[PDB]
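input.cif (mmCIF, N, CA, C and O atoms)
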data_model
#
loop_
_atom_site.label_atom_id
_atom_site.label_comp_id
_atom_site.auth_asym_id
_atom_site.auth_seq_id
_atom_site.Cartn_x
_atom_site.Cartn_y
_atom_site.Cartn_z
N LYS A 903 29.58 187.71 119.07
CA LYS A 903 28.90 187.81 120.36
C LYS A 903 29.67 188.59 121.50
O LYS A 903 30.23 187.99 122.44
N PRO A 904 29.63 189.93 121.44
CA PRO A 904 30.24 190.84 122.41
C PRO A 904 29.77 190.71 123.81
O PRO A 904 30.52 191.06 124.74
N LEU A 905 28.53 190.26 124.04
CA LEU A 905 27.93 190.13 125.39
C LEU A 905 27.93 188.67 125.84
O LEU A 905 27.09 188.30 126.65
N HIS A 906 28.89 187.87 125.37
CA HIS A 906 28.88 186.43 125.69
C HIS A 906 28.93 186.05 127.19
O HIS A 906 28.40 184.97 127.53
N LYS A 907 29.48 186.89 128.03
CA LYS A 907 29.51 186.56 129.44
C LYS A 907 28.46 187.30 130.25
O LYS A 907 28.52 187.25 131.49
N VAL A 908 27.45 187.85 129.60
CA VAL A 908 26.43 188.62 130.28
C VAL A 908 25.20 187.78 130.46
O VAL A 908 24.76 187.03 129.57
N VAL A 909 24.56 187.98 131.60
CA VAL A 909 23.23 187.46 131.88
C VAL A 909 22.41 188.69 132.31
O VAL A 909 22.62 189.21 133.41
N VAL A 910 21.51 189.12 131.47
CA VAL A 910 20.72 190.30 131.82
C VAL A 910 19.45 189.92 132.53
O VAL A 910 18.88 188.82 132.37
N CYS A 911 18.92 190.87 133.31
CA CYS A 911 17.56 190.81 133.85
C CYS A 911 16.97 192.17 133.69
O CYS A 911 17.55 193.15 134.23
N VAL A 912 15.85 192.27 133.03
CA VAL A 912 15.13 193.53 132.87
C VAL A 912 14.35 193.79 134.18
O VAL A 912 13.59 192.94 134.65
N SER A 913 14.53 194.98 134.73
CA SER A 913 13.78 195.37 135.92
C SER A 913 12.29 195.30 135.73
O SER A 913 11.78 195.45 134.63
N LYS A 914 11.59 195.16 136.82
CA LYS A 914 10.13 195.27 136.77
C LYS A 914 9.70 196.61 136.25
O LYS A 914 8.71 196.72 135.52
N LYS A 915 10.46 197.66 136.53
CA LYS A 915 10.18 198.98 136.02
C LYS A 915 10.03 199.04 134.50
O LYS A 915 9.21 199.79 133.97
N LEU A 916 10.85 198.25 133.82
CA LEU A 916 10.88 198.19 132.34
C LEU A 916 10.10 197.02 131.79
O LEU A 916 10.31 196.65 130.64
N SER A 917 9.11 196.50 132.54
CA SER A 917 8.35 195.32 132.12
C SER A 917 7.72 195.50 130.75
O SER A 917 7.57 194.50 130.00
N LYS A 918 7.28 196.71 130.40
CA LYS A 918 6.58 196.95 129.13
C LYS A 918 7.41 196.55 127.95
O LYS A 918 6.84 196.24 126.90
N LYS A 919 8.73 196.59 128.05
CA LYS A 919 9.68 196.34 126.96
C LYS A 919 10.56 195.15 127.24
O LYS A 919 11.58 194.98 126.58
N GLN A 920 10.20 194.26 128.17
CA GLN A 920 11.13 193.21 128.54
C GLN A 920 11.53 192.33 127.35
O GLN A 920 12.68 192.01 127.21
N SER A 921 10.58 191.95 126.50
CA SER A 921 10.94 191.05 125.39
C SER A 921 11.84 191.74 124.42
O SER A 921 12.76 191.13 123.84
N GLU A 922 11.68 193.03 124.22
CA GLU A 922 12.54 193.78 123.30
C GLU A 922 13.96 193.81 123.83
O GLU A 922 14.95 193.52 123.13
N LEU A 923 14.12 194.16 125.11
CA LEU A 923 15.43 194.26 125.74
C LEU A 923 16.10 192.91 125.85
O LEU A 923 17.31 192.77 125.58
N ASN A 924 15.37 191.85 126.23
CA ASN A 924 15.94 190.49 126.26
C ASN A 924 16.44 190.10 124.86
O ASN A 924 17.46 189.50 124.72
N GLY A 925 15.62 190.43 123.83
CA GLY A 925 16.01 190.08 122.46
C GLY A 925 17.27 190.76 122.00
O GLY A 925 18.13 190.21 121.33
N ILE A 926 17.41 192.05 122.36
CA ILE A 926 18.65 192.77 122.05
C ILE A 926 19.83 192.07 122.74
O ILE A 926 20.87 191.78 122.13
N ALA A 927 19.68 191.78 124.01
CA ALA A 927 20.76 191.09 124.76
C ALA A 927 21.11 189.76 124.08
O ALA A 927 22.31 189.48 123.81
N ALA A 928 20.09 188.98 123.71
CA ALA A 928 20.37 187.66 123.10
C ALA A 928 21.04 187.82 121.77
O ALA A 928 21.92 187.02 121.39
N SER A 929 20.72 188.85 121.00
CA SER A 929 21.32 189.10 119.69
C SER A 929 22.78 189.35 119.81
O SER A 929 23.52 189.20 118.81
N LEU A 930 23.25 189.81 120.96
CA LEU A 930 24.64 190.12 121.23
C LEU A 930 25.33 188.99 121.95
O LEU A 930 26.49 189.14 122.36
N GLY A 931 24.67 187.85 122.12
CA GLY A 931 25.26 186.68 122.73
C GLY A 931 25.01 186.51 124.20
O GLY A 931 25.51 185.53 124.77
N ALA A 932 24.23 187.36 124.81
CA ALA A 932 23.94 187.25 126.25
C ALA A 932 22.84 186.25 126.50
O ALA A 932 22.07 185.87 125.63
N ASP A 933 22.75 185.84 127.75
CA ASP A 933 21.59 185.14 128.28
C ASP A 933 20.72 186.12 129.06
O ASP A 933 21.13 187.29 129.26
N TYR A 934 19.56 185.69 129.51
CA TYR A 934 18.69 186.51 130.28
C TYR A 934 17.89 185.67 131.24
O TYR A 934 17.61 184.50 130.99
N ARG A 935 17.47 186.31 132.32
CA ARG A 935 16.54 185.77 133.30
C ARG A 935 15.32 186.65 133.37
O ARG A 935 15.42 187.88 133.26
N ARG A 936 14.16 186.06 133.56
CA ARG A 936 12.91 186.81 133.56
C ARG A 936 12.63 187.50 134.89
O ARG A 936 11.81 188.40 134.96
N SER A 937 13.29 187.07 135.94
CA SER A 937 13.28 187.79 137.20
C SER A 937 14.66 187.62 137.84
O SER A 937 15.43 186.79 137.44
N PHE A 938 14.94 188.42 138.84
CA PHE A 938 16.28 188.52 139.34
C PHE A 938 16.67 187.26 140.09
O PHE A 938 15.91 186.74 140.88
N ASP A 939 17.91 186.85 139.90
CA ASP A 939 18.49 185.71 140.63
C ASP A 939 19.99 185.86 140.65
O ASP A 939 20.57 186.80 140.11
N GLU A 940 20.64 184.89 141.28
CA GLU A 940 22.08 184.98 141.55
C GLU A 940 22.97 184.76 140.34
O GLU A 940 24.18 185.01 140.38
N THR A 941 22.37 184.41 139.18
CA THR A 941 23.07 184.25 137.93
C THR A 941 23.17 185.56 137.12
O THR A 941 23.95 185.67 136.17
N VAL A 942 22.34 186.57 137.49
CA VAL A 942 22.32 187.81 136.73
C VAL A 942 23.59 188.60 136.93
O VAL A 942 24.06 188.77 138.05
N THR A 943 24.13 189.09 135.82
CA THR A 943 25.30 189.96 135.85
C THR A 943 24.97 191.44 135.63
O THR A 943 25.71 192.30 136.10
N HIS A 944 23.89 191.71 134.90
CA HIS A 944 23.53 193.07 134.45
C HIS A 944 22.02 193.21 134.65
O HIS A 944 21.24 192.47 134.06
N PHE A 945 21.63 194.24 135.43
CA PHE A 945 20.24 194.53 135.74
C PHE A 945 19.91 195.77 134.94
O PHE A 945 20.59 196.80 135.12
N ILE A 946 18.90 195.71 134.11
CA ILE A 946 18.54 196.82 133.22
C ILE A 946 17.47 197.65 133.90
O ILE A 946 16.38 197.16 134.15
N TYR A 947 17.80 198.90 134.24
CA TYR A 947 16.93 199.73 135.09
C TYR A 947 17.15 201.18 134.72
O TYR A 947 18.22 201.61 134.38
N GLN A 948 16.03 201.90 134.80
CA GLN A 948 15.98 203.35 134.67
C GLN A 948 15.49 203.93 135.94
O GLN A 948 14.44 203.58 136.45
N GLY A 949 16.23 204.85 136.51
CA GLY A 949 15.85 205.51 137.77
C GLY A 949 16.37 206.94 137.82
O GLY A 949 16.48 207.65 136.83
N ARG A 950 16.59 207.37 139.06
CA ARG A 950 16.81 208.79 139.35
C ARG A 950 17.92 208.91 140.40
O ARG A 950 18.25 207.92 141.04
N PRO A 951 18.48 210.10 140.59
CA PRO A 951 19.44 210.25 141.66
C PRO A 951 18.79 209.92 142.98
O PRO A 951 17.62 210.14 143.20
N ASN A 952 19.57 209.29 143.86
CA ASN A 952 19.05 208.91 145.17
C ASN A 952 17.76 208.11 145.12
O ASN A 952 16.79 208.35 145.83
N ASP A 953 17.76 207.12 144.25
CA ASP A 953 16.57 206.38 144.00
C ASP A 953 16.21 205.46 145.17
O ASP A 953 17.10 204.81 145.76
N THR A 954 14.90 205.42 145.44
CA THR A 954 14.36 204.61 146.53
C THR A 954 13.59 203.41 146.07
O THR A 954 13.02 202.66 146.83
N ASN A 955 13.63 203.15 144.76
CA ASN A 955 12.95 201.99 144.21
C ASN A 955 13.37 200.73 144.88
O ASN A 955 14.57 200.43 144.99
N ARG A 956 12.42 199.89 145.21
CA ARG A 956 12.72 198.73 146.00
C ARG A 956 13.61 197.67 145.29
O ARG A 956 14.59 197.15 145.84
N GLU A 957 13.27 197.36 144.05
CA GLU A 957 14.07 196.37 143.37
C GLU A 957 15.47 196.90 143.08
O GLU A 957 16.46 196.16 143.22
N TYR A 958 15.59 198.16 142.70
CA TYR A 958 16.89 198.79 142.51
C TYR A 958 17.73 198.68 143.78
O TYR A 958 18.91 198.25 143.69
N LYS A 959 17.17 199.03 144.92
CA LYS A 959 17.99 199.04 146.13
C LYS A 959 18.48 197.65 146.39
O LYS A 959 19.62 197.44 146.85
N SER A 960 17.62 196.67 146.20
CA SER A 960 18.00 195.29 146.45
C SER A 960 19.17 194.82 145.59
O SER A 960 20.15 194.19 146.06
N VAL A 961 19.10 195.15 144.30
CA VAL A 961 20.14 194.73 143.40
C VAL A 961 21.43 195.50 143.63
O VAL A 961 22.52 194.95 143.52
N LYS A 962 21.30 196.77 143.95
CA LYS A 962 22.48 197.60 144.19
C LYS A 962 23.38 197.09 145.22
O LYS A 962 24.59 197.17 145.13
N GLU A 963 22.78 196.56 146.27
CA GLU A 963 23.57 196.09 147.40
C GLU A 963 24.24 194.77 147.13
O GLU A 963 25.18 194.36 147.85
N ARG A 964 23.79 194.05 146.09
CA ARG A 964 24.37 192.76 145.74
C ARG A 964 25.58 192.94 144.85
O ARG A 964 26.20 191.96 144.46
N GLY A 965 25.88 194.22 144.50
CA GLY A 965 27.03 194.57 143.75
C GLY A 965 26.95 194.22 142.27
O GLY A 965 27.93 194.20 141.56
N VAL A 966 25.78 193.86 141.76
CA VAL A 966 25.54 193.55 140.33
C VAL A 966 25.57 194.83 139.47
O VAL A 966 25.28 195.91 139.96
N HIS A 967 26.00 194.75 138.21
CA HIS A 967 26.01 195.94 137.32
C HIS A 967 24.59 196.38 137.06
O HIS A 967 23.74 195.57 136.72
N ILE A 968 24.35 197.65 137.25
CA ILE A 968 23.02 198.26 137.01
C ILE A 968 23.19 199.25 135.87
O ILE A 968 23.97 200.20 136.02
N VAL A 969 22.54 199.02 134.75
CA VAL A 969 22.73 199.82 133.57
C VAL A 969 21.41 200.27 132.98
O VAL A 969 20.39 199.56 133.03
N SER A 970 21.45 201.45 132.38
CA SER A 970 20.37 201.97 131.56
C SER A 970 20.01 201.02 130.42
O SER A 970 20.88 200.32 129.86
N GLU A 971 18.77 201.09 129.97
CA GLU A 971 18.38 200.44 128.72
C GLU A 971 19.25 200.84 127.55
O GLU A 971 19.46 200.07 126.61
N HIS A 972 19.79 202.08 127.59
CA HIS A 972 20.59 202.56 126.48
C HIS A 972 21.91 201.79 126.38
O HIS A 972 22.53 201.80 125.31
N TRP A 973 22.35 201.13 127.44
CA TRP A 973 23.53 200.27 127.32
C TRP A 973 23.24 199.17 126.28
O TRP A 973 24.05 198.93 125.38
N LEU A 974 22.10 198.51 126.39
CA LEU A 974 21.75 197.47 125.39
C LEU A 974 21.55 198.09 124.01
O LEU A 974 22.06 197.55 123.01
N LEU A 975 20.82 199.19 123.93
CA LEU A 975 20.53 199.80 122.62
C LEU A 975 21.80 200.19 121.95
O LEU A 975 21.97 199.98 120.75
N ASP A 976 22.71 200.80 122.67
CA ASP A 976 23.96 201.29 122.03
C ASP A 976 24.94 200.17 121.80
O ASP A 976 25.65 200.19 120.76
N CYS A 977 25.01 199.17 122.66
CA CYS A 977 25.83 197.98 122.36
C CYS A 977 25.38 197.37 121.03
O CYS A 977 26.19 196.95 120.20
N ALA A 978 24.05 197.29 120.83
CA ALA A 978 23.52 196.74 119.57
C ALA A 978 23.83 197.65 118.38
O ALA A 978 24.23 197.14 117.32
N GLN A 979 23.73 198.95 118.54
CA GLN A 979 24.03 199.87 117.44
C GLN A 979 25.49 199.72 117.01
O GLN A 979 25.79 199.71 115.81
N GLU A 980 26.38 199.63 117.97
CA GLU A 980 27.82 199.61 117.73
C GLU A 980 28.38 198.22 117.54
O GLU A 980 29.55 198.05 117.21
N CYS A 981 27.57 197.20 117.81
CA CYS A 981 27.98 195.79 117.85
C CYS A 981 29.23 195.65 118.68
O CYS A 981 30.25 195.06 118.25
N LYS A 982 29.20 196.17 119.89
CA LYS A 982 30.37 196.20 120.76
C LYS A 982 29.88 196.08 122.21
O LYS A 982 28.78 196.49 122.54
N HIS A 983 30.74 195.59 123.07
CA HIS A 983 30.56 195.62 124.52
C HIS A 983 31.04 196.97 125.02
O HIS A 983 32.23 197.21 125.21
N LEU A 984 30.11 197.88 125.21
CA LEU A 984 30.41 199.23 125.68
C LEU A 984 30.59 199.18 127.21
O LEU A 984 29.97 198.37 127.89
N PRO A 985 31.38 200.11 127.78
CA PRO A 985 31.56 200.09 129.23
C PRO A 985 30.27 200.39 129.99
O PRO A 985 29.55 201.34 129.70
N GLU A 986 30.04 199.61 131.06
CA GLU A 986 28.87 199.76 131.89
C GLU A 986 28.82 201.14 132.55
O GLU A 986 27.77 201.67 132.80
N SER A 987 30.00 201.66 132.92
CA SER A 987 30.00 202.92 133.67
C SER A 987 29.49 204.09 132.89
O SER A 987 29.10 205.13 133.51
N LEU A 988 29.45 204.03 131.56
CA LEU A 988 28.88 205.11 130.76
C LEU A 988 27.41 205.12 130.78
O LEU A 988 26.79 206.10 130.30
N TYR A 989 26.76 204.09 131.32
CA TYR A 989 25.32 203.89 131.26
C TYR A 989 24.74 203.58 132.63
O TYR A 989 24.10 202.53 132.80
N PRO A 990 24.92 204.47 133.59
CA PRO A 990 24.24 204.27 134.89
C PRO A 990 22.70 204.31 134.69
O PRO A 990 22.22 204.81 133.67
N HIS A 991 21.97 203.91 135.69
CA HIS A 991 20.50 203.91 135.61
C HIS A 991 19.92 205.32 135.52
O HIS A 991 18.74 205.46 135.20
N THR A 992 20.73 206.34 135.81
CA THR A 992 20.30 207.76 135.71
C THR A 992 20.51 208.30 134.31
O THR A 992 20.10 209.44 134.02
N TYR A 993 21.11 207.53 133.38
CA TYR A 993 21.30 207.92 132.01
C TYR A 993 19.95 207.74 131.26
O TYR A 993 19.44 206.61 131.20
N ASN A 994 19.40 208.83 130.73
CA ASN A 994 18.11 208.79 130.06
C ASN A 994 18.12 208.89 128.57
O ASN A 994 17.06 208.86 127.94
N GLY A 995 19.30 208.99 128.00
CA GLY A 995 19.47 209.25 126.60
C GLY A 995 20.62 210.23 126.42
O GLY A 995 21.19 210.75 127.33
N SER A 996 20.96 210.35 125.16
CA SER A 996 22.10 211.11 124.76
C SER A 996 21.69 212.55 124.56
O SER A 996 20.50 212.94 124.37
#
Would you encode the structure as structure tokens?
Amino acid sequence: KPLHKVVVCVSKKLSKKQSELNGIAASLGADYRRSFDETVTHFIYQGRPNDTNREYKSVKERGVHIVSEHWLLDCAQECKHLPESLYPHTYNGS
């Protein structure tokens, strides 16, 4: 369980795939919340440079890790806790 200290929350933006992303997180030992709260450590979000998305801005200011969906996908592929900084919300794929 590489993600044992993680609590993910899938952004509203990624609602279409929330169960998939939560399941990947749980497979790696993480917990998840269905909406954002003070227990979340990692917010899964896809956005753009200088993003004005409301939920993104809110989470950003709380200092929580904001990562691309590809952070979960690649952590699962590698069975490893990959660094968050390689997977900003502006990362769209390899």
Next on the checklist: Quick check on the file I pasted: which residues fall under the PyMOL selection byres ((chain A and resi 943) around 5)? Write them as a ChimeraX atom specification.
Outcome noted: /A:909,941-942,944-945,966-967
Item to check | 8 Å contact set for residue 932 in chain A, only N, CA, C and O atoms, chain neighbours under 6 positions out, as an MDAnalysis selection string | outcome: chainID A and resid 903:910 924:926
Residue subset to file, keeping N, CA, C and O atoms, as an mmCIF file, in the frame of the given file:
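Here's the written file out_37.cif:
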data_model
loop_
_atom_site.group_PDB
_atom_site.id
_atom_site.type_symbol
_atom_site.label_atom_id
_atom_site.label_comp_id
_atom_site.auth_asym_id
_atom_site.auth_seq_id
_atom_site.Cartn_x
_atom_site.Cartn_y
_atom_site.Cartn_z
ATOM 1 N N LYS A 903 29.580 187.710 119.070
ATOM 2 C CA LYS A 903 28.900 187.810 120.360
ATOM 3 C C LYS A 903 29.670 188.590 121.500
ATOM 4 O O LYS A 903 30.230 187.990 122.440
ATOM 5 N N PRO A 904 29.630 189.930 121.440
ATOM 6 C CA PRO A 904 30.240 190.840 122.410
ATOM 7 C C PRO A 904 29.770 190.710 123.810
ATOM 8 O O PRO A 904 30.520 191.060 124.740
ATOM 9 N N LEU A 905 28.530 190.260 124.040
ATOM 10 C CA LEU A 905 27.930 190.130 125.390
ATOM 11 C C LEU A 905 27.930 188.670 125.840
ATOM 12 O O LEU A 905 27.090 188.300 126.650
ATOM 13 N N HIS A 906 28.890 187.870 125.370
ATOM 14 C CA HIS A 906 28.880 186.430 125.690
ATOM 15 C C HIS A 906 28.930 186.050 127.190
ATOM 16 O O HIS A 906 28.400 184.970 127.530
ATOM 17 N N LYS A 907 29.480 186.890 128.030
ATOM 18 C CA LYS A 907 29.510 186.560 129.440
ATOM 19 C C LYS A 907 28.460 187.300 130.250
ATOM 20 O O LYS A 907 28.520 187.250 131.490
ATOM 21 N N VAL A 908 27.450 187.850 129.600
ATOM 22 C CA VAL A 908 26.430 188.620 130.280
ATOM 23 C C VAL A 908 25.200 187.780 130.460
ATOM 24 O O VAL A 908 24.760 187.030 129.570
ATOM 25 N N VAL A 909 24.560 187.980 131.600
ATOM 26 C CA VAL A 909 23.230 187.460 131.880
ATOM 27 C C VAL A 909 22.410 188.690 132.310
ATOM 28 O O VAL A 909 22.620 189.210 133.410
ATOM 29 N N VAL A 910 21.510 189.120 131.470
ATOM 30 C CA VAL A 910 20.720 190.300 131.820
ATOM 31 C C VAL A 910 19.450 189.920 132.530
ATOM 32 O O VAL A 910 18.880 188.820 132.370
ATOM 33 N N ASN A 924 15.370 191.850 126.230
ATOM 34 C CA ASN A 924 15.940 190.490 126.260
ATOM 35 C C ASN A 924 16.440 190.100 124.860
ATOM 36 O O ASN A 924 17.460 189.500 124.720
ATOM 37 N N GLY A 925 15.620 190.430 123.830
ATOM 38 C CA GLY A 925 16.010 190.080 122.460
ATOM 39 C C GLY A 925 17.270 190.760 122.000
ATOM 40 O O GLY A 925 18.130 190.210 121.330
ATOM 41 N N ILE A 926 17.410 192.050 122.360
ATOM 42 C CA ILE A 926 18.650 192.770 122.050
ATOM 43 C C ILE A 926 19.830 192.070 122.740
ATOM 44 O O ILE A 926 20.870 191.780 122.130
#
Checklist entry - What lies within 8 Å of residue 948 in chain A using all atoms listed in the file, ignoring chain neighbours under 6 positions off, as a VMD selection string? => result chain A and resid 913 915 to 916 968 to 971 990 to 994
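Across the structure, CA of residue 973 in chain A and CA of residue 986 in chain A are spaced 7.0 Å apart.
Here atom O of residue 936 in chain A is placed at a distance of 17.8 Å from atom N of residue 955 in chain A.
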Next on the checklist: Among chain A, which ones does DSSP assign to helix (DSSP H, G or I) (computed from the backbone)? Answer as a VMD selection string.
Outcome noted: chain A and resid 914 to 929 956 to 963 971 to 980 986 to 988
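Take CA of residue 949 in chain A and atom O of residue 911 in chain A: the distance between them is 13.0 Å.
Nearest residue to residue 947 in chain A among A:921, A:984, A:996, A:912 is A:912, counting only N, CA, C and O atoms.
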Report as AutoDock Vina command-line options the centre and the edge lengths, in Å to one decimal, of the axis-aligned box holding every listed atom of range 905-921 of chain A, padded by 3 Å on each side.
--center_x 18.0 --center_y 192.4 --center_z 130.3 --size_x 28.9 --size_y 20.8 --size_z 19.0
Checklist outcome for this item: From the list A:946, A:964, A:939, A:979, the nearest residue to residue 917 in chain A using only N, CA, C and O atoms is A:946
